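A short worksheet on the structure shown next.
Protein chains in written order, with full-length UniProt numbering: chain G, 1 to 189, 211 to 256, 264 to 290, 294 to 371; chain L, 1 to 197, 205 to 372; chain S, 112 to 135, 155 to 199, 226 to 268.
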């Protein structure tokens, strides 16, 4: 019911994320200092990747004022929009119109249509705008990242009823972590190995898209491709690719509570993760419904399972072949037909 | 006979329980600051869990008019239902509906029938509904918990005869505490508007120690017999506490981790082993935090067993770790009566010790 | 600190630059959609390197950002070779750009 992906990768310091003071972020795990990349950075890097452009149908902006005055053509509707928006309530505590907005890039036409109707009362015009952006969620971005919209009641209208404007998320991701301690460079007077964890709720996503199936499969494939082939900031395929389907969420971060100290950092980390996965599998589950996984490696660079212990369904040598197998298990879902 | 569970579990960098300011909870134990998850959060997580969706017979709601309206059908009851519920002392203090009535036996057809009856909509109906809420509702989990209600005077009418509404809960949960010092960290983020033209977040990671207590006789008493349901409750609670995490900030800090060392014991008086970590665990280069914490726990448990020994009541316990990854008696001691490699057979063995109840049959009730 | 370097000597350097140009106000350096920021910054630095007195051999961008108080800051590291020992000393302890009062002009040379 849930697709679980665990990845092992390396990343140079030239493509890392820094804090307000300019230093790469760090975290504690097991009493030692590690290297940390935020989950928000990963999500932003994925939604604006070259492999996710085909499934980007939403924008987050505080400038609806410039988006509305971009399709009407007639210049004489801008204060109309700066009054309809404020009647809606999208301006917040102090300032003016400083609330981030999240609707698909298809209801701006409706917004312009409603603005350009002079035979409509202002109150019911704002109500129409609310019904416009209270259902504008048919975008794959919204069905993978969620959305919240609080309307300020400080400057509300008489009634101006709001509908359900909160959509529940379908993807859970973790702050990426180092399989070892921190390292340095060459003093005067980054360089790290990271891991990854993903989880997608197929039922929640299909609910958030009004039951569409091909769109969900296309989103899953695009997200996996972008996660495998994108770097956080800057501008490198992962060494270990793991795929699992479970009904309850399980993470394997307690494989690296013992720091890896040593060209063999990757191998030791893979071995530790394999040991932890085997231990959890053999000591926390049996009967009911089993789990089946796929190990895909860059030219099978790193093998898994003590070279004798079976624990994955098959081995995949190509990333492109990995997407089809994941979509295959749900049933059918040829990659060349869902891309349309 | 008391069923007591001790488990040790690690977590990824996360934020499961936070205060009003967003910082994860903390406490002082032994003179040092630790990371805290409250007991109410654990209870709500067990109650709203996949392995416990089968025995949820309790509803705790500020609004009951909606439920009786849904059960009524296509008629209208809201006004008269509110009238009766205000005739009963369900509070109007400071304009709120204060009573979060913990009425069990989700079958509300009794109150639906009383409301939809063309009788005297007066103190008679108020008495009938008060008796219905006070008496019938038992439910399975209102045996572990239970504070059925507390009627309000002044507001209520002067012809009400509320019966006993105290359940004498048979559950004891201690606040989870880490076995080391706590390390809070700050994350900086930006909005990054898409059309061209810093906040702070908190998180931490720790390894936790947890403790539960179930009273067999009180659980049986609050269920009015039905030992099968008691065994079912024991199994469901065991699984739910073993595999369930708080659902807080899990879309950004996914920490779906599972415990590494589990201790289950049965005794006549409750004993907690939280004093094993008065000295915080300091990491060494040859092992990890989990192993050192398990070692200190081993030392303290063995010491208590040797020190408060009584010949009239041996203590029987079971220690399970996944694939026996971390043994309890590393050096020489066999502290537990049995060592087990899977959780399901641990539950089976616990039920066998309780009443020789096999797993399959008790799943039917 | 007494820095003494001979001609034709390899050194390891770290420098944060201020990408400032003047147009028709002072605006940050802008590159084309077909080019990477690192290439543009390397070419911009190599344009002025003759007058500075050192020869660039390799350089990669590390931190591309801003400094408030609004200024543009880019941290570039790599390998440089000194051309002559006369102009290098003048370049040192003087600055390689503008906004020198906010810690934007400073070199750290290390022997390799």
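We put the beta carbon where it would ideally sit given N, CA and C, even for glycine.
Apart from sequence neighbours up to five positions away, the residues of its chain that approach residue 172(S) with a beta-carbon distance below 6 Å are 189, ordered along the chain. At a cut-off of 8 Å, the C-beta of residue 18(G) has a neighbouring C-beta in chain S. Per DSSP, reduced to three states, the secondary structure at residue 191(S) is strand. Within the same chain, and ignoring the five residues on either side of residue 91(G) in sequence, the residues whose Cβ sits closer than 8 Å to its Cβ are 85, 97, 98, 99, 152, 155. The three-state reading of DSSP puts residue 341(G) in coil, since its state is none of H, G, I, E or B.
Contacts between residue 218(G) and chain L, judged by CB atoms closer than 7 Å, involve 261 in chain order. In the DSSP assignment, no residue is bridged to residue 46(G).
Using a Cβ distance threshold of 8 Å, residue 77(L) and residue 126(L) do not count as a contacting pair. Here residue 337(G) is exposed. Its C-beta has fewer than 16 other C-beta atoms within 10 Å. Within a 10 Å sphere around the beta-carbon of residue 11(G) sit 16 or more other beta-carbons, which makes this residue buried.
Exclusion of the five residues before and after residue 246(G) leaves 51 as the residues of its chain whose Cβ lies within less than 6 Å of its Cβ. Selection 31(L), 295(L), 328(L) evaluated against residue 315(G) yields 328(L) as nearest (Cα-Cα). Under DSSP, residue 230(S) forms a beta bridge with 128(S), 194(S). In chain order, 190, 191, 192 make up the part of chain S whose C-beta sits under 8 Å from the C-beta of residue 14(G).
The Cβ-Cβ distance between residue 167(L) and residue 142(L) falls below 8 Å. Taking all protein chains shown into account, residue 21(L) has fewer than 16 neighbouring C-beta atoms within 10 Å of its C-beta and is therefore exposed. Out of 83(L), 49(L), 112(L), 104(L), the CA that lies nearest to the CA of residue 69(L) is found in 112(L).
Contact fails between the segment 157-166 of chain L and the segment 244-261 of chain L, because fewer than three Cβ pairs, one in each stretch, are under 8 Å apart. The distance from the Cβ of residue 184(S) to that of residue 260(S) is about 18 Å, inconsistent with a contact at the 8 Å cut-off. Against chain G, a Cβ distance below 7 Å from residue 188(L) picks out 19, 20. With respect to residue 105(L), residue 57(L) sits close: the two C-beta atoms are nearer than 8 Å. For the C-beta of residue 264(S), the chain G residues within less than 7 Å are, from N- to C-terminus, 188.
Nearest CB-CB separation between residue 96(L) and chain G: not below the 8 Å threshold. Only residues of its own chain outside the window of five on either side were considered, and among them 52, 244, 247, 248, 251 have a CB closer than 7 Å to the CB of residue 46(L), listed in chain order. Residue environment for residue 196(L): exposed (fewer than 16 other C-beta atoms within 10 angstroms of its C-beta). Ranked by how close their Cα comes to the Cα of residue 117(G), the residues 74(G), 289(G), 93(G), 44(G) have 74(G) in first place. Along the segment 333-345 of chain G, there is no position whose C-beta sits under 8 Å from a C-beta of chain L. Put simply, the backbone Cα of residue 310(L) is about 13 Å away from that of residue 341(L). The Cβ atoms of residue 266(S) and residue 232(S) lie no closer than 8 Å to each other.
A straight line joining the alpha-carbon of residue 370(G) with that of residue 363(G) spans about 14 Å. Against residue 29(G), the close residues of chain L are 12, 13, 212, in the order they occur along the chain (beta-carbon pairs closer than 8 Å). Around the C-beta of residue 1(L), fewer than 16 other C-beta atoms lie within 10 Å, and the residue is accordingly described as exposed. Under a 10 Å Cβ-count criterion, residue 123(G) is classified as exposed, with fewer than 16 other Cβ atoms of the shown protein chains found around its own Cβ.
If you look at residue 183(L), you'll find it isn't in any alpha helix (DSSP H); DSSP assigns it neither H nor E.
Burial check for residue 166(S): the Cβ neighbour count within 10 Å stays below 16, so the residue is exposed.
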